[PDB]
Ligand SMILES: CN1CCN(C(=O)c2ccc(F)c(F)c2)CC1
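Just the one chain here, laid out as structure tokens, in the form solved without the named molecule.
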């Protein structure tokens, strides 16, 4: 059905009423989202049906209809924007300057914005308007505030 480039809500009816479990990005006819959101399950778009194509539980990423398409990266200097799509609320761009996640395999950016679980999979944009990652997989620090990583997948 709807293959339009843009940010989408991932919804379910298995629970009470309509519930937003996550968010995702559609680009080049491919839907990109965090793995913990769908658990690799098939999606529906009107009478159309999206099937998983690629996935990885460690990276916490999953693409539908095709391979991963998002490839822009944070330059480690500039301010980025989180395109937050909260459950039952309008999409709201929140400009922030990312932090750092020092891991044994290298550093990756981190957005320190606090949102409900149903917001997982919200794109993080650069100044041109390119998706440099997905917000939704991170850790809770000392003062209870949430810090998500800037999760990006590998293009082929």
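Residue numbers count along the first chain shown, from 1.
Here the subject shifts to the form deposited with the named molecule bound, a form of this protein not shown in this document.
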item: Placed ligand check: the named molecule in the bound PDB entry, overlay by site C-alphas, backbone/C-beta within 2.4 Å; value: blocked
item: Proximity to the named molecule in the bound PDB entry, single hit among 99, 48, 29, 67 (heavy atom within 4.5 Å); value: 67
item: Full three-residue contact with the named molecule in the bound PDB entry, heavy atom 4.5 Å, for 54, 59 and 154; value: yes
